[PDB]
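For reference, the structure is listed below as structure tokens.
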Amino acid sequence: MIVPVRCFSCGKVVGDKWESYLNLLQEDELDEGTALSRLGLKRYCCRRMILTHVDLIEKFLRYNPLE
Amino acid sequence: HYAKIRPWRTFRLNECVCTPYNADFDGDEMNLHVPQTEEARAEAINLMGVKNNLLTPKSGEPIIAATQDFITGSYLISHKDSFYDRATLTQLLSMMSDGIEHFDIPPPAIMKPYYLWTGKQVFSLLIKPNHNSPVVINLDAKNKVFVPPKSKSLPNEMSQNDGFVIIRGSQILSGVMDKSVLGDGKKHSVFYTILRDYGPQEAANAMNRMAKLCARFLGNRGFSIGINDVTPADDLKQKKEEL
Amino acid sequence: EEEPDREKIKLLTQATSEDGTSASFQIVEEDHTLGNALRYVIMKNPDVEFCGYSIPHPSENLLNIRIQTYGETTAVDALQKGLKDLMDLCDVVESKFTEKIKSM
Amino acid sequence: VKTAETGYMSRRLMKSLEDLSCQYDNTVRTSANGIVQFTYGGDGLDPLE
Amino acid sequence: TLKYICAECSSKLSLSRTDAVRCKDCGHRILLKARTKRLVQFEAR
Amino acid sequence: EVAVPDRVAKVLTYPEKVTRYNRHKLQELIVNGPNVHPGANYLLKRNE
Amino acid sequence: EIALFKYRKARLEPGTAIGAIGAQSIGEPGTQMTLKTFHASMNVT
Amino acid sequence: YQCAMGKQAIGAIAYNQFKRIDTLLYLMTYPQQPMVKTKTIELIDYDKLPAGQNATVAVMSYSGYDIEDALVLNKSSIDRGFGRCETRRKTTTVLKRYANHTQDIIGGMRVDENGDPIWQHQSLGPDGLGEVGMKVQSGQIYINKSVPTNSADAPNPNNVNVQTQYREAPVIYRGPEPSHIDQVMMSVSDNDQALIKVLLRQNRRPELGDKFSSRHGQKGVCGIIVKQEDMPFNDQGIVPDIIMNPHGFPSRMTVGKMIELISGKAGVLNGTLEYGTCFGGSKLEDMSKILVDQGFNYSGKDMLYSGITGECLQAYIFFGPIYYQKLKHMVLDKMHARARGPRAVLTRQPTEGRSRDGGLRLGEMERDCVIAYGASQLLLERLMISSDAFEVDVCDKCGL
Amino acid sequence: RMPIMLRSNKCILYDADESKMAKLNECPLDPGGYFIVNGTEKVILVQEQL
Amino acid sequence: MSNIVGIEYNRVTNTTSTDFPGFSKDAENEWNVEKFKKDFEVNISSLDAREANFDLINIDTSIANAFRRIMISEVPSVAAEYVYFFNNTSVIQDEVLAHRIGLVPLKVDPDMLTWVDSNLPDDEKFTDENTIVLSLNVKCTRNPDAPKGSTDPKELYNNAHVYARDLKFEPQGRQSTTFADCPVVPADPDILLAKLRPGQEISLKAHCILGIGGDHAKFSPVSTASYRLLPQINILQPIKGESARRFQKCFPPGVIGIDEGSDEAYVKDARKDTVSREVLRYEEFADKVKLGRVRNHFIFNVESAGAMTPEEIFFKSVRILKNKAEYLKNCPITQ
Amino acid sequence: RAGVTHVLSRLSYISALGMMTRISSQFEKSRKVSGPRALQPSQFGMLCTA
Ligand SMILES: [Mg+2]
Ligand SMILES: [Zn+2]
Ligand SMILES: [Zn+2]
Ligand SMILES: [Zn+2]
């Protein structure tokens, strides 16, 4: 689904760092670890949720009751 | 055994009485029946309760005793070097027997070069805490890992790694406890001796007393398995192929 | 509404031995926060010889401290000496912190 | 494969030993008042204690 | 009350009783009821 | 001691008949209700 | 006194259903082992 | 033991997961990919629809509630949404016409006049079938149905009265916890038999009694739930999500989990997801070079403090990210109890199984045990008084 | 009538990609290989013999 | 007894407090005004508007634990609790979107509120300054151009991604002159709350309550609060060889270094070195370098969620421990 | 023959691939002898060993 707003163990707002992360990996392509460390995700518990994150809400919007 | 009304909806009980059920907290569920008449309720607790059935019938060995986090917390208090101050000892004796207990602290193991109790004196207050507690048990027991001594010395306890349990008047004079001194399946144990001499009530009371200490201190101390203790230290790695 | 919380500290009468010198107390609604921070201060009273908190069950909201002391002191008075003393500790930490945050 | 076969084995071993208790004259007897041992185990002692 | 969204054309159409249930625009079989006007509360927990 | 939850104990019920020691306890308990936990569900009369 | 008290509480109590105890005493299927020999033949159950 | 458990955990079943009315399916709110991708789960597309969440585990003996195979969880991590569930159930009914051209008509909404509506009809809607987000709880009717009480058999159609003879027979939501309705749907069969498929769903929080996996054959129920001002912290502030007991490692010999923690910890610090395939994958030799480059230990064991007393632990704790799964068999569905319910028709016994009513069974291999105690008055209760006691008139001579 | 199992030669899911699976309301990632009769979906477990 | 906690290759030692009277023969140092005031310094490091760094020296681990344990549990904060939905016709389930509104940090001071009374009925405690209302309202329409690109719906559809800044604020009949200078906008407006499709719409009035972090973790003002003992690297046997440049490889590029030539191997402040014990496993080296941390020096490195500045968080953490000793000293003991 | 067509198990993504690709059980019911039940060295490339 959508990225969770807050990390499970540490507990800081990380769900604000997905749209700015996705336009930083597609445009002007960095690496993975340098992109995750650019946005300020130092410790490994706050990094493993932007890193992992199966993209699933975009797959569920192929159907709609609008057609 | 007696009921207790609690939060979240699951049955929950101790871990010493877990070996006759062959339970392992895996997801295995157990059923629970209540008596309805006085005639069967007064005999369900008297000759069928837990505190009377501490043994097994097939051998005469205590069947409800130590579990996994019960002797590994009991071993780390007794490895000849766990030396405790006053402030650590009072916290251990307070977390051991949570509510009402007097303790009448013994003299320490070492005097004026700083006052440091041993671990055997912390552990012997679990058996006979008061001056009114009549538990004056004494025994002489082996352990599993017993290497023999130098074969010229007389007693069976001059060996290399703690050897041989000598209790003389509810005080431990030598040795870790270590499985068949309180360890589910052999005789000559501590909780078999209290049950054999000073009733079943004191044996069930002194075994509830161990579970609190081994539940709080074993998490307070820290104990883990890493990856650097499964690796050979290059001599086995040099020797195993050529052998 | 001026009732000074009778549901707070209860002197356990089955634990007090002499009527003094050894007592077990019982809070309501605390945790490990005021446990260690108070038994550190009570242990610095040079007339006590046993102090330690204990939560019997985490599903409840309780804690039991036990004070044992030497002669010429009351175990109730050893709590009150160690509970006013934590106030001065939190007052001197608050004072030294606010005198340096206004300087930088 | 083993537990069902020994579940049938411990089942049938119950029924031939079921009503067999020690009486007040230190003799174990069957249901039809027939005697099997004049004292338990030749010794008359509790195997638990 | 302008309910029963169709499942294929996604048309909001109300049907009368003693009639065959279908969509009058195309003829699709299955159709699902609209979300209520009422209020519902939830805790953020 | 086994520890049962607070919902199994609402539907597991023991017949405690009243005689001179139960009376002051099973009267404060019968006004307490089947919903509040120190309470009771049913009541069988003297004439049954 | 202790050695006669432990023998006082050692004889069998009258009324124990000890046939039912001994029926599920010997019924302990926790062996699951197949023994053999070496330096071979002559298997035995 | 994992192959019988990978096909058992909850997950992210399909893309049309919300447009289907399966009779029972489990969902999961925030799924996560595994950190250690096997080189064959990329072929079968398991990284598209995963079935669990990464958890910063800390293998240590802690709190005593983890003695035998029962891991303890963080309160403030489930509180932020670690492993949220959604059980989704179908309770469909059909309505059909009879032989004499008399079908059944759904309806209701008794406004009760100082009322509006009855508590039984509280969330039902003016049509007769429930709404798309109202709440039902253990008493409410949502699929209200009324059959004709005369045309169930086959008489001739008497024209003086045909329709207006009805018998109210709905089915009532009978569950322990309140659920919500979101997929009420009307359709038609081939022979003009109209059917209504209703779909119930409820959010299930991970609480005390739910079991978890490790992708390595490690079952375990929840030990307790415990706060965040508890379980210990490192120099950066990481508190663990789940604490496992190290005693499940030696006799189970599962050292592949003990490579999984250090291969997943370096996978975060480098950024790239690393591999854990059979007979190869990512070597341990060029694994822990990433650990010493970042500033961590070679073995993945950093010193922790204590949350209950402050001072540092006496040993080194082996903690890092390990992917855990959440299975079926929640304690909300396994909970079961009965005092005095319906009996059997033939043998007057308490009824069999679940969802009729309870009443549990004392086997033949259980009465063997209570004879060995010698308690004779407990066999009169637990076999005659409680289960089946029936007074009877017998005769003295020629006794029948 | 002869029910046809999904993703066969005589099926509608044959040669579908990213636009026809969403219009016909089905996930393009399921394995298929199953029959569906009377609403429920059913497989045929492959039997071995000698 | 040797205040420096020792670090070996498989264990630690000298952990406990060892600063209480009745320990060897002479009592020390029971309270002694003003010896605790004489030996308490604080040094505030680089302090931002969201993150503060400062260390407390010469205290034990019991009063530094209690500040940390209060700082994320017992301090009060404010977050949305009850959400009232109107036409949630989106893909997200109705409790999942209600769970995401609770976990946003709302930038407002929890001193301009009062506590809730959990005994009244429904329309008796959502009055003045006890409850804040937040209203969200958004509908997705089709962007009529859509020239050539099929991308994420910022070009194909208007406002398909809803954010945390859509949580608008409506003041009540009294809190319009008290919340005039500062709104109740969230701490981070760019939080992806939901994404959706045209034909879908969400609208809700979420109430907002004050609470502590022991009930629910959304009432915690701190991301994480912890301490760190600073290590020290006691150097002895000052031989350097070629191994001095090998000795700076096993540490981070901060803490140590060499001067002109080599001649020795010195050390800077050890505030950068995570204890990694890489120099404790070389079989020829464990007789000249010992590692260890200092027990009485706690480097607090606290952060914030955005509601309050962290020095206010620490000041409120110290002050509420003094209040829970007031409330225990001024109460009678009922036997 | 009974018990050859089962309903498709839909719990996760891999349970639908465990009902798929699944060879069944034929005769030689093997109550006590573990002849046709134990694992054999002949099933190397096929008939997964775990
Ligand atoms: Mg099991
Ligand atoms: Zn984090
Ligand atoms: Zn249509
Ligand atoms: Zn007759």
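Ordering of the structure tokens sets the chain letters (A, B, ...), residue numbers begin anew at 1 in every chain, and ligands are numbered from 1 in the order given.
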Within 9 Å of ligand 2 (only C-alpha atoms and all ligand atoms), residues as JSON, numbers by chain: {"A": [6, 7, 8, 9, 10, 11, 12, 13, 14, 41, 43, 44, 45, 46, 47, 48, 49], "H": [237, 238, 239], "J": [223, 224]}
Okay, now the selection with C-alpha atoms, as a JSON list (two decimals), in the first residue's frame?
```
[["chain", "number", "residue", "atom", "x", "y", "z"],
["A", 6, "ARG", "CA", 6.03, 6.52, 11.07],
["A", 7, "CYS", "CA", 8.69, 3.85, 11.52],
["A", 8, "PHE", "CA", 7.78, 0.87, 13.66],
["A", 9, "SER", "CA", 10.78, 0.76, 16.02],
["A", 10, "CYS", "CA", 12.40, 4.21, 16.04],
["A", 11, "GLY", "CA", 9.24, 6.20, 15.42],
["A", 12, "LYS", "CA", 9.96, 9.19, 13.21],
["A", 13, "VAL", "CA", 8.04, 10.56, 10.25],
["A", 14, "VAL", "CA", 9.39, 8.74, 7.20],
["A", 41, "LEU", "CA", 17.80, 8.25, 7.09],
["A", 43, "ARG", "CA", 20.09, 4.48, 11.31],
["A", 44, "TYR", "CA", 19.14, 1.23, 9.63],
["A", 45, "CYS", "CA", 15.62, 0.91, 11.04],
["A", 46, "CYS", "CA", 14.49, 4.17, 9.43],
["A", 47, "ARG", "CA", 16.21, 3.18, 6.19],
["A", 48, "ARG", "CA", 14.68, -0.31, 5.75],
["A", 49, "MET", "CA", 11.13, 1.06, 5.06],
["H", 237, "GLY", "CA", 18.35, 4.74, 19.77],
["H", 238, "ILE", "CA", 17.16, 1.53, 18.09],
["H", 239, "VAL", "CA", 14.85, -0.46, 20.34],
["J", 223, "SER", "CA", 11.26, 10.48, 17.63],
["J", 224, "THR", "CA", 13.82, 8.73, 19.81]]
```
Surrounding residues as a PyMOL selection string, ligand 4, max 12 Å, only C-alpha atoms and all ligand atoms: chain H and resi 393-400
Store the residues picked out above in a file with N, CA, C and O atoms, as a short mmCIF file (atom, residue, chain, number, x, y, z; two decimals), in the first residue's frame.
```cif
data_model
loop_
_atom_site.label_atom_id
_atom_site.label_comp_id
_atom_site.auth_asym_id
_atom_site.auth_seq_id
_atom_site.Cartn_x
_atom_site.Cartn_y
_atom_site.Cartn_z
N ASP H 393 -37.58 -44.93 35.86
CA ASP H 393 -38.41 -45.78 36.70
C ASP H 393 -38.08 -47.24 36.39
O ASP H 393 -38.48 -47.75 35.33
N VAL H 394 -37.38 -47.91 37.29
CA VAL H 394 -37.07 -49.33 37.14
C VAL H 394 -37.93 -50.12 38.12
O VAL H 394 -38.36 -49.61 39.16
N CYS H 395 -38.19 -51.37 37.76
CA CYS H 395 -38.99 -52.27 38.59
C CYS H 395 -38.08 -53.19 39.39
O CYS H 395 -36.96 -53.50 38.98
N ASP H 396 -38.58 -53.62 40.55
CA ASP H 396 -37.77 -54.44 41.45
C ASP H 396 -37.64 -55.86 40.93
O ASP H 396 -36.53 -56.33 40.65
N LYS H 397 -38.75 -56.58 40.80
CA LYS H 397 -38.73 -57.92 40.25
C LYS H 397 -38.90 -57.86 38.73
O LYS H 397 -39.59 -56.97 38.21
N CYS H 398 -38.26 -58.81 38.05
CA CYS H 398 -38.08 -58.88 36.59
C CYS H 398 -37.71 -57.51 36.00
O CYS H 398 -38.41 -56.94 35.16
N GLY H 399 -36.58 -56.99 36.48
CA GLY H 399 -36.20 -55.60 36.33
C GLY H 399 -36.01 -55.06 34.93
O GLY H 399 -35.03 -55.37 34.25
N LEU H 400 -36.96 -54.23 34.50
CA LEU H 400 -36.86 -53.45 33.28
C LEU H 400 -37.22 -52.01 33.62
O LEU H 400 -37.55 -51.68 34.77
#
```
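Neighbouring residues of ligand 3 at a cut-off of 12 Å, counting only C-alpha atoms and all ligand atoms, are residues 65, 66 and 67 of chain A; 4, 5, 6, 7, 8, 9, 10, 11, 12, 13, 14, 21, 22, 23, 24, 25, 26, 27, 28, 29, 30, 31 and 32 of chain E.
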Backbone-only DSSP, strand (DSSP E or B) members of chain I, as a list in words: residues 35, 36, 37, 40, 41, 42 and 46 of chain I
Surrounding residues as a ChimeraX atom specification, ligand 1, max 12 Å, only C-alpha atoms and all ligand atoms: /B:18,21-30 /H:68-70,211,218-221
Chain D contacts to chain H at 12 Å (only C-alpha atoms) as a PyMOL selection string: chain D and resi 7-15+17-22
Dump N, CA and C atoms for the selected residues as a PDB file, in the first residue's frame?
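The resulting file, result-v2.pdb, is shown below:
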```pdb
ATOM      1  N   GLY D   7      -0.310 -45.996  20.713  1.00  0.00           N
ATOM      2  CA  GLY D   7      -1.571 -45.585  21.299  1.00  0.00           C
ATOM      3  C   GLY D   7      -2.558 -46.724  21.391  1.00  0.00           C
ATOM      4  N   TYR D   8      -2.518 -47.648  20.426  1.00  0.00           N
ATOM      5  CA  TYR D   8      -3.285 -48.883  20.555  1.00  0.00           C
ATOM      6  C   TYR D   8      -2.670 -49.817  21.592  1.00  0.00           C
ATOM      7  N   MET D   9      -1.362 -49.702  21.829  1.00  0.00           N
ATOM      8  CA  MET D   9      -0.674 -50.605  22.745  1.00  0.00           C
ATOM      9  C   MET D   9      -0.919 -50.226  24.200  1.00  0.00           C
ATOM     10  N   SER D  10      -0.878 -48.930  24.519  1.00  0.00           N
ATOM     11  CA  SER D  10      -1.163 -48.483  25.876  1.00  0.00           C
ATOM     12  C   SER D  10      -2.648 -48.518  26.204  1.00  0.00           C
ATOM     13  N   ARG D  11      -3.509 -48.561  25.186  1.00  0.00           N
ATOM     14  CA  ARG D  11      -4.947 -48.676  25.407  1.00  0.00           C
ATOM     15  C   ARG D  11      -5.317 -50.043  25.961  1.00  0.00           C
ATOM     16  N   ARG D  12      -4.812 -51.107  25.338  1.00  0.00           N
ATOM     17  CA  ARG D  12      -5.184 -52.454  25.742  1.00  0.00           C
ATOM     18  C   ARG D  12      -4.493 -52.893  27.021  1.00  0.00           C
ATOM     19  N   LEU D  13      -3.353 -52.288  27.355  1.00  0.00           N
ATOM     20  CA  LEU D  13      -2.657 -52.596  28.597  1.00  0.00           C
ATOM     21  C   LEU D  13      -3.369 -52.001  29.807  1.00  0.00           C
ATOM     22  N   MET D  14      -4.229 -51.004  29.587  1.00  0.00           N
ATOM     23  CA  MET D  14      -5.070 -50.464  30.651  1.00  0.00           C
ATOM     24  C   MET D  14      -6.080 -51.489  31.147  1.00  0.00           C
ATOM     25  N   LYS D  15      -6.795 -52.128  30.216  1.00  0.00           N
ATOM     26  CA  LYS D  15      -8.025 -52.844  30.543  1.00  0.00           C
ATOM     27  C   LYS D  15      -7.753 -54.121  31.327  1.00  0.00           C
ATOM     28  N   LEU D  17      -5.294 -54.357  33.487  1.00  0.00           N
ATOM     29  CA  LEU D  17      -4.750 -53.925  34.769  1.00  0.00           C
ATOM     30  C   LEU D  17      -5.612 -52.864  35.441  1.00  0.00           C
ATOM     31  N   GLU D  18      -6.865 -52.706  35.019  1.00  0.00           N
ATOM     32  CA  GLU D  18      -7.621 -51.517  35.400  1.00  0.00           C
ATOM     33  C   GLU D  18      -8.114 -51.591  36.842  1.00  0.00           C
ATOM     34  N   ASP D  19      -8.933 -52.589  37.165  1.00  0.00           N
ATOM     35  CA  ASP D  19      -9.439 -52.731  38.531  1.00  0.00           C
ATOM     36  C   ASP D  19      -8.512 -53.687  39.263  1.00  0.00           C
ATOM     37  N   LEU D  20      -7.464 -53.127  39.861  1.00  0.00           N
ATOM     38  CA  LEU D  20      -6.472 -53.918  40.582  1.00  0.00           C
ATOM     39  C   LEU D  20      -5.833 -52.989  41.609  1.00  0.00           C
ATOM     40  N   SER D  21      -6.295 -53.066  42.854  1.00  0.00           N
ATOM     41  CA  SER D  21      -5.879 -52.129  43.885  1.00  0.00           C
ATOM     42  C   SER D  21      -5.472 -52.868  45.151  1.00  0.00           C
ATOM     43  N   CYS D  22      -4.668 -52.189  45.965  1.00  0.00           N
ATOM     44  CA  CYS D  22      -4.216 -52.737  47.236  1.00  0.00           C
ATOM     45  C   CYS D  22      -5.315 -52.606  48.281  1.00  0.00           C
TER      46      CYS D  22
END
```
Dump as a PDB file with C-alpha atoms, in the first residue's frame the residues of chain D that approach chain K to within 10 Å, counting only C-alpha atoms.
```pdb
ATOM      1  CA  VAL D   1       4.007 -43.862  12.137  1.00  0.00           C
ATOM      2  CA  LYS D   2       4.909 -44.911  15.719  1.00  0.00           C
ATOM      3  CA  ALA D   4      -0.758 -44.520  16.738  1.00  0.00           C
ATOM      4  CA  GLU D   5       0.580 -48.072  17.119  1.00  0.00           C
TER       5      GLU D   5
END
```
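Among I:23, I:16, I:4, I:29, the residue with the shortest atom-to-atom distance to residue I:42, counting only C-alpha atoms, is I:4.
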Proximity check chain H to chain E, 8 Å, nearest pairs one decimal Å, only C-alpha atoms, as a Markdown table:
```
| residue | atom | partner | partner_atom | distance |
| --- | --- | --- | --- | --- |
| H:79 | CA | E:45 | CA | 7.1 |
| H:131 | CA | E:36 | CA | 6.0 |
| H:132 | CA | E:35 | CA | 4.8 |
| H:133 | CA | E:35 | CA | 6.9 |
| H:134 | CA | E:40 | CA | 6.6 |
| H:135 | CA | E:40 | CA | 7.8 |
| H:183 | CA | E:32 | CA | 7.1 |
| H:184 | CA | E:33 | CA | 6.1 |
| H:185 | CA | E:32 | CA | 4.3 |
| H:186 | CA | E:31 | CA | 5.8 |
| H:187 | CA | E:30 | CA | 4.6 |
| H:188 | CA | E:29 | CA | 6.8 |
```
Selection near residue C:77, 10 Å with only C-alpha atoms, sequence-local residues under 4 positions removed, as a PyMOL selection string: chain C and resi 20-21+73+81-83
Counting only C-alpha atoms, what is within 9 Å of stretch 38-45 of chain F, bar same-chain residues fewer than 5 positions away, as a PDB file with C-alpha atoms, in the first residue's frame?
```pdb
ATOM      1  CA  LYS F  10     -18.051 -14.734  32.466  1.00  0.00           C
ATOM      2  CA  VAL F  11     -19.336 -17.964  30.862  1.00  0.00           C
ATOM      3  CA  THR F  13     -20.070 -20.513  36.381  1.00  0.00           C
ATOM      4  CA  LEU F  26     -23.675 -13.461  47.483  1.00  0.00           C
ATOM      5  CA  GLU F  28     -23.381  -7.796  47.189  1.00  0.00           C
ATOM      6  CA  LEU F  29     -22.498 -10.079  44.259  1.00  0.00           C
ATOM      7  CA  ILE F  30     -26.055 -10.615  42.989  1.00  0.00           C
ATOM      8  CA  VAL F  31     -26.626  -6.843  42.724  1.00  0.00           C
ATOM      9  CA  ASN F  32     -23.373  -6.578  40.773  1.00  0.00           C
ATOM     10  CA  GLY F  33     -24.671  -8.112  37.548  1.00  0.00           C
TER      11      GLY F  33
END
```
Point-to-point distance from atom CA of residue B:90 to atom CA of residue H:228, Å rounded to tenths: 26.3 Å
Spatial neighbours of residue H:241, max dist 8 Å, only C-alpha atoms, sep filter under 6 positions, as a PyMOL selection string: (chain A and resi 8-9) or (chain H and resi 55-58+73-74+77)
Can those selected residues be exported to a file as a PDB file, in the first residue's frame so that it contains C-alpha atoms?
```
ATOM      1  CA  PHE A   8       7.780   0.874  13.665  1.00  0.00           C
ATOM      2  CA  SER A   9      10.780   0.756  16.021  1.00  0.00           C
TER       3      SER A   9
ATOM      4  CA  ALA H  55      11.467  -6.748  12.081  1.00  0.00           C
ATOM      5  CA  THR H  56      14.566  -5.507  13.915  1.00  0.00           C
ATOM      6  CA  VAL H  57      14.959  -8.607  16.062  1.00  0.00           C
ATOM      7  CA  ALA H  58      17.237  -8.816  19.114  1.00  0.00           C
ATOM      8  CA  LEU H  73       6.783  -7.943  20.964  1.00  0.00           C
ATOM      9  CA  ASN H  74       6.987  -4.169  21.377  1.00  0.00           C
ATOM     10  CA  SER H  77       5.447  -0.876  17.375  1.00  0.00           C
TER      11      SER H  77
END
```
Within 9 Å of chain D: residues of chain B, using only C-alpha atoms, as a ChimeraX atom specification: /B:55-61,196
Give me a file of those residues, with N, CA and C atoms, as a CSV table (one decimal), in the first residue's frame.
```
chain,number,residue,atom,x,y,z
B,55,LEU,N,6.2,-35.3,42.0
B,55,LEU,CA,7.0,-36.4,41.5
B,55,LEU,C,6.3,-37.1,40.3
B,56,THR,N,7.0,-38.1,39.7
B,56,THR,CA,6.4,-39.0,38.8
B,56,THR,C,6.1,-40.3,39.5
B,57,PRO,N,5.1,-41.1,39.1
B,57,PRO,CA,5.0,-42.4,39.7
B,57,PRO,C,5.9,-43.5,39.2
B,58,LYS,N,6.4,-43.3,38.0
B,58,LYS,CA,7.1,-44.4,37.3
B,58,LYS,C,8.6,-44.5,37.8
B,59,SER,N,9.1,-43.5,38.4
B,59,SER,CA,10.5,-43.5,38.9
B,59,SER,C,10.7,-43.0,40.3
B,60,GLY,N,9.9,-42.0,40.7
B,60,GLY,CA,10.1,-41.3,41.9
B,60,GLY,C,11.0,-40.1,41.8
B,61,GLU,N,11.2,-39.6,40.6
B,61,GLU,CA,12.0,-38.4,40.3
B,61,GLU,C,11.0,-37.1,40.2
B,196,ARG,N,11.0,-33.8,50.3
B,196,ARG,CA,11.2,-35.0,51.1
B,196,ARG,C,11.2,-34.7,52.6
```
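Across J:243, J:248, J:15, J:32, the tightest approach to chain C is made by J:32 when counting only C-alpha atoms.
Distances here use only C-alpha atoms; by that measure, the residue among G:7, G:1, G:23, G:45 closest to chain D is G:23.
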Exercise answer, chain I residues close to chain A, 9 Å and only C-alpha atoms, as an MDAnalysis selection string: chainID I and resid 19 22:23 25
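Among the candidate residues J:244, J:162, J:27, J:265, the one lying nearest to chain C is J:27, with distances computed using only C-alpha atoms.
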One-decimal distance in Å that lies between atom CA of residue I:36 and atom CA of residue I:6: 8.3 Å
